[PDB]
Amino acid sequence: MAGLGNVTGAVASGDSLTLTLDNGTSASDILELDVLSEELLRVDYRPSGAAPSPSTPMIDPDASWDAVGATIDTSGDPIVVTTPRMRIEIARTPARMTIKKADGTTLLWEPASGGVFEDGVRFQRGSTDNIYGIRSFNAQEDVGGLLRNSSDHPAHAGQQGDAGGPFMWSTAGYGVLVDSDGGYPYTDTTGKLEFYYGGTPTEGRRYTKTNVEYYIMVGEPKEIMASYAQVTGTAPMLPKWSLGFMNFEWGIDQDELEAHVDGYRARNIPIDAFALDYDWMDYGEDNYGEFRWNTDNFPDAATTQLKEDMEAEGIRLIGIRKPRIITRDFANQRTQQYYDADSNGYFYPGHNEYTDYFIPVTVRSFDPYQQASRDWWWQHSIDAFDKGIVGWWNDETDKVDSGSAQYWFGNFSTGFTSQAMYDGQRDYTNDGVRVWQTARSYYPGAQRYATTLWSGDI
Amino acid sequence: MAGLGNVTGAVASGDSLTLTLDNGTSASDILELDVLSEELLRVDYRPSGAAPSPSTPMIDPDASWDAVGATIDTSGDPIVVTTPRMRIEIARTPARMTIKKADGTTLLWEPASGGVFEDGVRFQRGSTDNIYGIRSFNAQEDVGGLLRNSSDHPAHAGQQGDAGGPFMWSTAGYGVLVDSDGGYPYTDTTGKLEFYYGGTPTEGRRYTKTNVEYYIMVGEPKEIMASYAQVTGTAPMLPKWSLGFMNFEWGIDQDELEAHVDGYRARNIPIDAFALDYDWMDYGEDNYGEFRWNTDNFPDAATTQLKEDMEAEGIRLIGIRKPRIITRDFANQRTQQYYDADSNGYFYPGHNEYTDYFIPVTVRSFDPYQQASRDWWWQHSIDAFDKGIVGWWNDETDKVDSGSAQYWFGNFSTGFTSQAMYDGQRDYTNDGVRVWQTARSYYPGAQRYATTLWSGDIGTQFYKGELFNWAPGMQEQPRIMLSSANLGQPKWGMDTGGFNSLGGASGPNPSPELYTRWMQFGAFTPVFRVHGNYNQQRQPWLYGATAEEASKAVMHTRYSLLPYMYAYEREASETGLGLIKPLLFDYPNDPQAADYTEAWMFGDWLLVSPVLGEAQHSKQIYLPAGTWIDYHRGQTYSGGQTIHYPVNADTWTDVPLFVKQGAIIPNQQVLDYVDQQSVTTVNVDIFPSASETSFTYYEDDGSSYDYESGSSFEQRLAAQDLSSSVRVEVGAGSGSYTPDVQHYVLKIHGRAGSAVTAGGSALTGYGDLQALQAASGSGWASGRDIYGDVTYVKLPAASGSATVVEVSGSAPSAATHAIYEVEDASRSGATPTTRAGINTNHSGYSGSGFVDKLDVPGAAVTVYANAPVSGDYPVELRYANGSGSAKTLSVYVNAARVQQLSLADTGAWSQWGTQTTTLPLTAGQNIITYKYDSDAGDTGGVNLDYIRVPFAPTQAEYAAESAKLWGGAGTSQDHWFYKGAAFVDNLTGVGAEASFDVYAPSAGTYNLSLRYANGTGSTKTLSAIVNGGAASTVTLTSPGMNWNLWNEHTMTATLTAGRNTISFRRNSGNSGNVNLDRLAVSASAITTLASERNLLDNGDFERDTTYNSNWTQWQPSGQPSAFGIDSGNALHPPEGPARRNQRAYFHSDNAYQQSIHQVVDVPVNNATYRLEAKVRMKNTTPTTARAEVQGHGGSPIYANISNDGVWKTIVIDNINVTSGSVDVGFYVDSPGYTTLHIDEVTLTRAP
Ligand SMILES: [Ca+2]
Ligand SMILES: [Ca+2]
Ligand SMILES: [Ca+2]
Ligand SMILES: [Mg+2]
Ligand SMILES: [Mg+2]
Ligand SMILES: [Mg+2]
Ligand SMILES: [Mg+2]
Ligand SMILES: [Mg+2]
Ligand SMILES: [Mg+2]
Ligand SMILES: [Mg+2]
Ligand code: NI
Ligand code: NI
Ligand SMILES: [Tb+3]
Ligand SMILES: [Tb+3]
Ligand SMILES: [Tb+3]
Ligand SMILES: [Tb+3]
Ligand SMILES: [Tb+3]
């Protein structure tokens, strides 16, 4: 894909330079450079002078900088921008940027092969430089190091503790930040440092851009990171209590929470905060149950009394939130939540509704191979039989498939589960009531114990 | 792979033919043939004539055939069996069967290359015959046809509608059926028809067969199927209603059932049955819920009424059954089902507990990207906010993973979800309450909406693949943290202790070790939190006393660092930089920082390297450029090196933390929570460097966005080491917030001045820190601490003008002890209202008071005291006993009970005395606790003024296992009676050594004593090397062939002031082959260390269970052992050890006796000994449960164990030993379900 062509125009104005580039058409390309600070450059490439697209939410919309008083010399080849901290050269024919430190040290450059183009950025640098940023690792991945010297991993938020973005920097003295909704950073040990928009990523793309808006940082790591925060935003200060210890919990009610807090306080073990999982809310219920306190678990959250008692014992409460709503109550009735969201168009584009589970149980497979086991299994079924269960729908006599639990039942498990009910009911009714059963597997011999076969979850 | 041999014998007998086959050996193979019907042959091949194994349940146990009257002609070759329907030929050499129709048409045969053998059957048939059977297809499989002409699929029951079995037959006129539990049938289009047992199939194999038992059928398909059913069984007739239509339904009550039957019957649409799913039963509940009618859904199932009413409408009822039980109620208590199943052995073998669900819900993702969607979301959150939810734990903003639902959220969903809560909460409270959130992804920009990042559903293990490979563990986390910081999101935390385990939520909690180390780690990360899985508990007291105390301890450090930390929260609002950073931020040019993650910076001025290794005895810590001071031990290390750093694997007390030259660290008294009270004095520890360093102290409301419009306080603090003075510049106050800090107490380390100026006025000097803190108005003092010389300077904070402070001169303190005022220490007890107290209501006390209310069981005070090296420290306790008599209190050090103190009457409550006790301290932080341990026989009921801790020990110790090992030297637990967590072996090759770093106060001769074992039978040698000087020989005699025997080698060494190296090495002239345990060091004669009083081996049961110990066990003949050793972390909630990581247990579900025993020869005969132990018992009261002392020359002594559910201490004093031995033991006699925990067993010489 081609590099920019020759500079035909060069309008300096204050801290900004505006390059017109030949693309062999009557709609020339525009490269706007902007010196935001002594150590931070904004480059906006606009194919054919097209207007720029809106910046993504990466960019802090309220960001602004003091004037710099850069020096912009369009007199010769190359064009030259200067601050006390950095020297930018743009060679005219073809247009190729070189970034240098104030003292002349070359940091990175757009190779003769080509740098910026309509689908992203391409730089070259010291091959031995150490690169950082791009990505982190999630709770399901092999966990690497900090270095990003041979990276093709995409730039994304990811999942399960991951983090990432179009941000690639080096301890050799420079950073590159590209405004993008996802995309494909590339580095290698020949010294490439590149970023492509590419096709629609896995996670989708809701902000598409026609231009390429990027930022060059110059400095030591702390300066680079400060500049990153100027562009994408500083962090608001969090409550001070957030420096304290927090106990998160799932499977908790008001009495257990009070007993916990008393436990930490009795021992002079400091703690500022409890965080609560589903237990705190009426998840599953109508009338915005996923937003509302579960007063069965937390009686005093009927009012503000729970907040205020915990506040008096030095405890803040945190509550879990899921970016979704329940669209059917336990009864199968459509929820108020559903109607309000459907009618205003609040569902995530492309996400249909789906069945999820949320109240766990703990179970453990029984063993039907043992006579004594079978006697026991039957014995505890008599009451259900007397009271109307006369057919035995024996489900899941085959395989457990639940998280890390992938247990198989053996080949005679159907036969033996069937035997339990057969021998049992035949004895208990003096052979007076015929057995009916069904199961979703079959192995030879199982037919002796009065069972049919059904073809499973089709 | 080989086939049968030659026939050597053929015995006809009715319808049976028994053939003996040559295998070359005295035990010939046997092949019995049985004509069961005119069209059915049984074959049993028995290798070496062995008895046949029992047939599997495939075979009908009651099968029965009339006599056939077959014709067996053994008179020639082949042998020939005949019926009207088939003709079976067996060639004699080698034995090979051919099966034919009675008309002589060939059907199938065993090829020359081989037929029946040890593991199966192999036939050949017409290549174009069509084969059927073997298998069907499940509800997750590509579904093929009927034909099985090229089949390798296993024979199995399968899942989800599958069927299968060792049964292969053809329309060409034959079938084959093998009795097997699984196996591998094989067909191909060259005409093979084979079956192999093979190896254990995916489904398991519980019926093994040494023989091969098969059946050959002959006929058209109907006859083959009827023969299949004569062998495996016919089907009993089902009720006639079974031919009717049945409606199965999940999500159904009695009302809907009755409406459905009405609808069918009104329309004359026939139907015979409803089948009910979960709705029918109380699945989830105790007392056999999964077998009992749910009368909320089906009220008239309380009696036979529902049954009889449905009968009368012509409906039969069918109910779903799963072959499993609920082992937990909602309240996470064990169910009656569980207890009956566990106790009688009814669970499927190899299937542990696991997590299921059964009530689905229907949901759909909201879109945070729309402003109007955000407003809506917020509006509905307001009520939960007013009622206590002030932080937003925004989970699952990344990806859906639910069966067919695999939806991704976009890159800005976490930013936008945070935006919703941020913009909303701010507008709603008029910028009055700050926003806290956390999410599990991050993408640039998200930080503008006030959110942290946590590292998701990580694993409860030490590293990826320790227990399972599908999530990372603790050791990977630093890498995730620092990777996040490299992306501009340094407000990072993790689920300390981990979330996931094998089994899901019913899976194990962290080991105490893992828990402890993870808490120490998390305390030096930005967002500090525990979080377990469903119904799990992460409270530190649940993981045993070490975990509690070590976590508490590191927690106190964190909270003392509140003002250090909070300046970095403000920094993140200016530049985005936070509380942590990787070293490469400070060291961009250093290759050894480039990928460094085992250590990082906490603020600007502390480098931390947590102990994350299991059973770790030492760390290799890279320190980059500068001069670092050990935060806890006091020693300096020069930068630009990888240090060897000894850690005490027994206490878990160490958190390696180093102070960076130039450090300026404001700290405060420990609070239970951040705004518990106002803090008026802030301490500033200052470690001056030659270049000016600064730290800007910062205060604000901690609550609101007032800081945004100037409403905050800051004061620049700066320091420099000059030629002959230290300069500290306290800048003027800045900003409109009126801080709470009124005075700074500067603690300027490295110089003890003779003068301290401020604006060209010498400041008033005071005799010590205590008097300086009592004075209003400025002052200075000097002293000594763990770091060495220190000058204290107390000034007003928040002056309108700068103040320069200059410390000049050098006049070191002669103080021999640190002093800890216990009223400033940590106070606790059994409840919030029953803790130890502060008072000033009796005279004669030091400091601002003393500690009272040690007069309700479990009240205690705990001091954190830094020691420079491990060893003996006589620690002085200043107390008041105005009671009338001697009171008792326990002194625990590092969670081990060191002594019961007898504290004499001192005359009155305003008269004070001193008791001095020799404590076993470890290098770095120690946890010294004075407690009313009612459960250990203490009385309580004194008042405590302070303790005093010598700066230097009377004698020092160095663990060998923590020393620097090289040349093959390693650590080990595979011999008995070592000290600490291990010992050093493999001093075998030349070069092998262990190298101790030994600290001396002054240059001199010092005594050494080296504990070693030599089990070789003869004398052996090592070399000693002091400060890389000349080798001296170390000659090590052998007490005999026993490696469980340890001697002292005593010698002297000349040392310098500070760090010395002393190696014990096999140089080439030495023989090596000895074990080293510990190096003791003193200016005096070396005596018995406080840490080594215990005469038992493995008395704390901490040894890794792979390695045995001097403990033996007994149970009555034929009863399973009830005895084990583990951590109690598989239980929910955890039932931890008394100390460290493990404890013994006695348990059985059924009636049982059990004992453990240990016999030790005592060092000194005709003297008095003492047995101490922690014991905890629960559930069923046993007939008998005691510690047992006997064999000592007097009669058996006992101490009974009381059924309390809590840790008690059991003491047997005054064991007068005259036998040379003691036998200590524990014995239980239970009717079942008695669980006893035993721990921290010590046999000591009794004063
Ligand atoms: Ca005191
Ligand atoms: Ca040792
Ligand atoms: Ca223990
Ligand atoms: Mg500007
Ligand atoms: Mg494009
Ligand atoms: Mg409710
Ligand atoms: Mg017969
Ligand atoms: Mg075999
Ligand atoms: Mg009716
Ligand atoms: Mg009920
Ligand atoms: Ni990723
Ligand atoms: Ni299959
Ligand atoms: Tb709980
Ligand atoms: Tb229904
Ligand atoms: Tb059990
Ligand atoms: Tb600052
Ligand atoms: Tb200065």
# chains A, B, ... in the order shown; residues from 1 in each chain; ligands from 1
>>> residues_near_ligand(ligand="ligand 16", cutoff="10 Å", atoms="only C-alpha atoms and all ligand atoms", output="ChimeraX atom specification")
/B:567-568,570-575,577,695-696
>>> write_last_selection(atoms="N, CA and C atoms", output="PDB file, in the first residue's frame")
ATOM      1  N   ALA B 567      -0.926  10.555  48.192  1.00  0.00           N
ATOM      2  CA  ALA B 567      -0.276  11.506  47.282  1.00  0.00           C
ATOM      3  C   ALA B 567      -0.226  10.979  45.854  1.00  0.00           C
ATOM      4  N   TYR B 568      -0.059   9.663  45.689  1.00  0.00           N
ATOM      5  CA  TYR B 568      -0.074   9.000  44.362  1.00  0.00           C
ATOM      6  C   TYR B 568      -1.486   8.928  43.711  1.00  0.00           C
ATOM      7  N   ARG B 570      -3.529  11.393  43.996  1.00  0.00           N
ATOM      8  CA  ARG B 570      -3.609  12.741  43.466  1.00  0.00           C
ATOM      9  C   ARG B 570      -2.735  12.871  42.202  1.00  0.00           C
ATOM     10  N   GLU B 571      -1.579  12.207  42.205  1.00  0.00           N
ATOM     11  CA  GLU B 571      -0.668  12.241  41.059  1.00  0.00           C
ATOM     12  C   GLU B 571      -1.386  11.709  39.814  1.00  0.00           C
ATOM     13  N   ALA B 572      -2.199  10.665  39.995  1.00  0.00           N
ATOM     14  CA  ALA B 572      -2.949  10.054  38.886  1.00  0.00           C
ATOM     15  C   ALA B 572      -3.944  11.007  38.263  1.00  0.00           C
ATOM     16  N   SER B 573      -4.467  11.944  39.059  1.00  0.00           N
ATOM     17  CA  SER B 573      -5.294  13.013  38.532  1.00  0.00           C
ATOM     18  C   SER B 573      -4.543  14.110  37.805  1.00  0.00           C
ATOM     19  N   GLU B 574      -3.229  14.223  37.952  1.00  0.00           N
ATOM     20  CA  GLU B 574      -2.457  15.273  37.264  1.00  0.00           C
ATOM     21  C   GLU B 574      -1.825  14.662  36.005  1.00  0.00           C
ATOM     22  N   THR B 575      -1.124  13.519  36.151  1.00  0.00           N
ATOM     23  CA  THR B 575      -0.325  12.907  35.073  1.00  0.00           C
ATOM     24  C   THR B 575      -0.727  11.487  34.665  1.00  0.00           C
ATOM     25  N   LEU B 577      -0.091   8.808  36.362  1.00  0.00           N
ATOM     26  CA  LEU B 577       0.815   7.889  37.083  1.00  0.00           C
ATOM     27  C   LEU B 577       0.286   7.571  38.469  1.00  0.00           C
ATOM     28  N   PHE B 695       9.109  15.135  48.203  1.00  0.00           N
ATOM     29  CA  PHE B 695       7.816  14.476  48.248  1.00  0.00           C
ATOM     30  C   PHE B 695       6.821  15.544  48.675  1.00  0.00           C
ATOM     31  N   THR B 696       5.738  15.688  47.931  1.00  0.00           N
ATOM     32  CA  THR B 696       4.733  16.654  48.293  1.00  0.00           C
ATOM     33  C   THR B 696       3.594  15.997  49.067  1.00  0.00           C
TER      34      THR B 696
END
>>> residues_around(residues="residue A:448", least_positions_apart="6", cutoff="8 Å", atoms="only C-alpha atoms", output="PyMOL selection string")
(chain A and resi 415) or (chain B and resi 60+232-236)
>>> residues_around(residues="residue B:1134", least_positions_apart="5", cutoff="12 Å", atoms="only C-alpha atoms", output="ChimeraX atom specification")
/B:506-512,515,535-544,1126-1129
>>> write_last_selection(atoms="N, CA and C atoms", output="mmCIF file, in the first residue's frame")
data_model
loop_
_atom_site.group_PDB
_atom_site.id
_atom_site.type_symbol
_atom_site.label_atom_id
_atom_site.label_comp_id
_atom_site.auth_asym_id
_atom_site.auth_seq_id
_atom_site.Cartn_x
_atom_site.Cartn_y
_atom_site.Cartn_z
ATOM 1 N N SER B 506 -17.267 -25.530 44.644
ATOM 2 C CA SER B 506 -17.054 -26.590 45.658
ATOM 3 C C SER B 506 -15.588 -26.995 45.757
ATOM 4 N N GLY B 507 -14.780 -26.501 44.808
ATOM 5 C CA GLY B 507 -13.333 -26.702 44.802
ATOM 6 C C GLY B 507 -12.569 -25.984 45.916
ATOM 7 N N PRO B 508 -11.287 -26.362 46.112
ATOM 8 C CA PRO B 508 -10.527 -25.880 47.272
ATOM 9 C C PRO B 508 -10.184 -24.372 47.316
ATOM 10 N N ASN B 509 -10.195 -23.860 48.544
ATOM 11 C CA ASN B 509 -9.732 -22.541 48.847
ATOM 12 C C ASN B 509 -8.189 -22.589 48.751
ATOM 13 N N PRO B 510 -7.529 -21.418 48.779
ATOM 14 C CA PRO B 510 -6.072 -21.444 48.910
ATOM 15 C C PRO B 510 -5.550 -22.140 50.162
ATOM 16 N N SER B 511 -4.398 -22.800 50.057
ATOM 17 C CA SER B 511 -3.581 -23.206 51.205
ATOM 18 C C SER B 511 -3.311 -21.999 52.099
ATOM 19 N N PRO B 512 -3.086 -22.240 53.393
ATOM 20 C CA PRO B 512 -2.673 -21.093 54.192
ATOM 21 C C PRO B 512 -1.443 -20.351 53.611
ATOM 22 N N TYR B 515 -2.605 -18.176 50.534
ATOM 23 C CA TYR B 515 -3.353 -17.096 51.130
ATOM 24 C C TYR B 515 -2.399 -16.085 51.731
ATOM 25 N N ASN B 535 -20.181 -18.929 47.628
ATOM 26 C CA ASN B 535 -20.301 -19.503 48.970
ATOM 27 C C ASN B 535 -18.946 -19.742 49.663
ATOM 28 N N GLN B 536 -17.846 -19.351 48.978
ATOM 29 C CA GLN B 536 -16.505 -19.410 49.543
ATOM 30 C C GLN B 536 -16.255 -18.227 50.480
ATOM 31 N N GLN B 537 -15.274 -18.403 51.372
ATOM 32 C CA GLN B 537 -14.897 -17.384 52.371
ATOM 33 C C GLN B 537 -13.421 -17.014 52.250
ATOM 34 N N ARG B 538 -13.116 -15.713 52.300
ATOM 35 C CA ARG B 538 -11.741 -15.223 52.174
ATOM 36 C C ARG B 538 -11.211 -14.446 53.363
ATOM 37 N N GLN B 539 -11.873 -14.594 54.527
ATOM 38 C CA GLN B 539 -11.485 -13.916 55.793
ATOM 39 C C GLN B 539 -10.210 -14.544 56.374
ATOM 40 N N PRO B 540 -9.257 -13.704 56.787
ATOM 41 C CA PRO B 540 -7.923 -14.285 57.058
ATOM 42 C C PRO B 540 -7.876 -15.184 58.250
ATOM 43 N N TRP B 541 -8.742 -14.947 59.221
ATOM 44 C CA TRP B 541 -8.756 -15.794 60.417
ATOM 45 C C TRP B 541 -9.110 -17.254 60.137
ATOM 46 N N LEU B 542 -9.736 -17.513 58.999
ATOM 47 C CA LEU B 542 -10.137 -18.850 58.610
ATOM 48 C C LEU B 542 -8.960 -19.711 58.148
ATOM 49 N N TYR B 543 -7.835 -19.098 57.796
ATOM 50 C CA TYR B 543 -6.692 -19.867 57.271
ATOM 51 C C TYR B 543 -5.584 -20.171 58.291
ATOM 52 N N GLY B 544 -5.891 -20.106 59.589
ATOM 53 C CA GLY B 544 -4.929 -20.415 60.661
ATOM 54 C C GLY B 544 -4.155 -19.192 61.141
ATOM 55 N N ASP B 1126 -3.180 -32.482 56.391
ATOM 56 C CA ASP B 1126 -3.363 -31.549 55.273
ATOM 57 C C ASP B 1126 -3.718 -30.148 55.830
ATOM 58 N N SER B 1127 -4.032 -29.204 54.956
ATOM 59 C CA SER B 1127 -4.282 -27.836 55.373
ATOM 60 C C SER B 1127 -5.713 -27.484 55.798
ATOM 61 N N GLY B 1128 -6.717 -28.292 55.426
ATOM 62 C CA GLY B 1128 -8.134 -27.924 55.685
ATOM 63 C C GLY B 1128 -8.675 -26.851 54.757
ATOM 64 N N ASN B 1129 -8.072 -26.742 53.559
ATOM 65 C CA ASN B 1129 -8.505 -25.694 52.626
ATOM 66 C C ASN B 1129 -9.514 -26.196 51.587
#
>>> residues_around(residues="residue B:287", least_positions_apart="3", cutoff="10 Å", atoms="only C-alpha atoms", output="VMD selection string")
chain B and resid 282 284 290 to 292 326 329 335 to 338
>>> write_last_selection(atoms="N, CA, C and O atoms", output="mmCIF file, in the first residue's frame")
data_model
loop_
_atom_site.group_PDB
_atom_site.id
_atom_site.type_symbol
_atom_site.label_atom_id
_atom_site.label_comp_id
_atom_site.auth_asym_id
_atom_site.auth_seq_id
_atom_site.Cartn_x
_atom_site.Cartn_y
_atom_site.Cartn_z
ATOM 1 N N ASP B 282 -38.511 -31.391 45.169
ATOM 2 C CA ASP B 282 -37.787 -30.308 45.895
ATOM 3 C C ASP B 282 -36.280 -30.423 45.698
ATOM 4 O O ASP B 282 -35.543 -30.592 46.663
ATOM 5 N N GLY B 284 -32.647 -29.396 45.299
ATOM 6 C CA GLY B 284 -31.877 -28.374 45.978
ATOM 7 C C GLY B 284 -31.967 -28.435 47.504
ATOM 8 O O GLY B 284 -31.105 -27.885 48.196
ATOM 9 N N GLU B 290 -34.443 -34.222 46.350
ATOM 10 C CA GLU B 290 -34.443 -34.709 44.958
ATOM 11 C C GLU B 290 -35.255 -35.992 44.796
ATOM 12 O O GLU B 290 -35.328 -36.543 43.716
ATOM 13 N N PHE B 291 -35.892 -36.440 45.867
ATOM 14 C CA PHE B 291 -36.811 -37.566 45.837
ATOM 15 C C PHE B 291 -38.230 -37.252 46.284
ATOM 16 O O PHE B 291 -39.064 -38.169 46.358
ATOM 17 N N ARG B 292 -38.489 -35.995 46.631
ATOM 18 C CA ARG B 292 -39.708 -35.639 47.349
ATOM 19 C C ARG B 292 -40.499 -34.668 46.443
ATOM 20 O O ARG B 292 -39.952 -33.779 45.759
ATOM 21 N N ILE B 326 -27.816 -33.694 45.860
ATOM 22 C CA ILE B 326 -27.412 -32.414 46.380
ATOM 23 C C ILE B 326 -26.627 -32.678 47.675
ATOM 24 O O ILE B 326 -27.132 -33.305 48.602
ATOM 25 N N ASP B 329 -27.167 -27.556 51.119
ATOM 26 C CA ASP B 329 -28.405 -26.719 51.053
ATOM 27 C C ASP B 329 -28.068 -25.267 50.631
ATOM 28 O O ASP B 329 -26.888 -24.957 50.413
ATOM 29 N N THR B 335 -26.026 -31.741 53.467
ATOM 30 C CA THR B 335 -27.366 -32.330 53.484
ATOM 31 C C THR B 335 -27.289 -33.716 54.092
ATOM 32 O O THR B 335 -26.194 -34.298 54.135
ATOM 33 N N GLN B 336 -28.444 -34.231 54.522
ATOM 34 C CA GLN B 336 -28.554 -35.572 55.087
ATOM 35 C C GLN B 336 -28.181 -36.630 54.022
ATOM 36 O O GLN B 336 -27.504 -37.621 54.350
ATOM 37 N N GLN B 337 -28.619 -36.391 52.770
ATOM 38 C CA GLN B 337 -28.248 -37.185 51.569
ATOM 39 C C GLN B 337 -26.740 -37.391 51.489
ATOM 40 O O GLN B 337 -26.247 -38.497 51.178
ATOM 41 N N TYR B 338 -26.021 -36.272 51.638
ATOM 42 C CA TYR B 338 -24.553 -36.284 51.555
ATOM 43 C C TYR B 338 -24.013 -37.228 52.601
ATOM 44 O O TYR B 338 -23.236 -38.120 52.290
#
>>> closest_atom_pairs(of="chain A", to="ligand 6", cutoff="8 Å", atoms="only C-alpha atoms and all ligand atoms", output="Markdown table")
| residue | atom | partner | partner_atom_place_in_ligand_line | distance |
| --- | --- | --- | --- | --- |
| A:281 | CA | ligand 6 | 1 (Mg) | 7.8 |
| A:282 | CA | ligand 6 | 1 (Mg) | 5.7 |
| A:289 | CA | ligand 6 | 1 (Mg) | 7.5 |
| A:292 | CA | ligand 6 | 1 (Mg) | 7.5 |
| A:293 | CA | ligand 6 | 1 (Mg) | 6.7 |
| A:294 | CA | ligand 6 | 1 (Mg) | 4.8 |
| A:295 | CA | ligand 6 | 1 (Mg) | 5.3 |
| A:296 | CA | ligand 6 | 1 (Mg) | 6.4 |
>>> write_last_selection(atoms="N, CA and C atoms", output="compact mmCIF listing (two decimals), in the first residue's frame")
# COMPACT_ATOMS: atom_id res chain seq x y z
N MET A 281 -29.12 -7.89 45.35
CA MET A 281 -30.19 -7.44 44.47
C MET A 281 -31.22 -8.52 44.14
N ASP A 282 -32.40 -8.07 43.67
CA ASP A 282 -33.44 -8.99 43.18
C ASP A 282 -33.23 -9.37 41.69
N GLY A 289 -35.67 -5.51 38.99
CA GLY A 289 -35.08 -6.28 40.11
C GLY A 289 -33.55 -6.25 40.11
N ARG A 292 -32.28 -3.21 42.27
CA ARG A 292 -33.05 -2.98 43.51
C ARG A 292 -32.53 -3.87 44.60
N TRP A 293 -32.53 -3.38 45.83
CA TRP A 293 -31.98 -4.16 46.94
C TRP A 293 -32.81 -5.35 47.24
N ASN A 294 -32.15 -6.43 47.59
CA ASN A 294 -32.79 -7.68 47.95
C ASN A 294 -32.94 -7.58 49.46
N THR A 295 -34.16 -7.24 49.86
CA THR A 295 -34.49 -7.08 51.28
C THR A 295 -34.70 -8.38 52.03
N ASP A 296 -34.74 -9.50 51.34
CA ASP A 296 -34.77 -10.79 52.03
C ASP A 296 -33.40 -11.09 52.60
>>> closest_residue(among="B:289, B:47, B:444, B:424", to="chain A", atoms="only C-alpha atoms")
B:444
>>> select_by_dssp(residues="stretch 68-290 of chain A", states="alpha helix (DSSP H)", output="ChimeraX atom specification")
/A:221-232,254-266
>>> residues_around(residues="stretch 632-644 of chain B", least_positions_apart="5", cutoff="10 Å", atoms="only C-alpha atoms", output="ChimeraX atom specification")
/B:590,592,618-627,654-661,785-788,865-870,922-926,962-965,996-997,999,1058-1059
>>> residues_near_ligand(ligand="ligand 15", cutoff="12 Å", atoms="only C-alpha atoms and all ligand atoms", output="list in words")
residues 327, 334, 338, 339, 340, 341, 342, 343, 344, 345, 346, 347, 352, 1122, 1131, 1146, 1147, 1148, 1149, 1150, 1232, 1233, 1234 and 1235 of chain B
>>> closest_residue(among="A:337, A:37, A:55, A:268", to="chain B", atoms="only C-alpha atoms")
A:268
>>> residues_near_ligand(ligand="ligand 8", cutoff="7 Å", atoms="only C-alpha atoms and all ligand atoms", output="count of residues only")
4
>>> residues_near_ligand(ligand="ligand 7", cutoff="10 Å", atoms="only C-alpha atoms and all ligand atoms", output="PyMOL selection string")
chain B and resi 14-16+34-37+42+64-70
>>> closest_atom_pairs(of="chain A", to="ligand 12", cutoff="12 Å", atoms="only C-alpha atoms and all ligand atoms", output="CSV")
residue,atom,partner,partner_atom_place_in_ligand_line,distance
A:398,CA,ligand 12,1 (Ni),11.5
A:411,CA,ligand 12,1 (Ni),11.4
A:441,CA,ligand 12,1 (Ni),9.9
A:442,CA,ligand 12,1 (Ni),10.5
A:443,CA,ligand 12,1 (Ni),11.0
>>> write_last_selection(atoms="N, CA and C atoms", output="short mmCIF file (atom, residue, chain, number, x, y, z; two decimals), in the first residue's frame")
data_model
loop_
_atom_site.label_atom_id
_atom_site.label_comp_id
_atom_site.auth_asym_id
_atom_site.auth_seq_id
_atom_site.Cartn_x
_atom_site.Cartn_y
_atom_site.Cartn_z
N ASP A 398 -25.16 -40.52 31.69
CA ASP A 398 -24.15 -40.66 30.65
C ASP A 398 -22.87 -39.84 30.87
N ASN A 411 -20.32 -47.78 31.12
CA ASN A 411 -21.20 -48.27 30.10
C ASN A 411 -22.44 -48.95 30.64
N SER A 441 -29.15 -43.16 26.96
CA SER A 441 -28.11 -43.99 26.40
C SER A 441 -28.51 -45.43 26.49
N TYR A 442 -27.77 -46.27 25.79
CA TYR A 442 -28.07 -47.68 25.79
C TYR A 442 -26.80 -48.51 25.59
N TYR A 443 -26.73 -49.60 26.34
CA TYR A 443 -25.64 -50.55 26.20
C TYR A 443 -26.24 -51.96 26.36
#
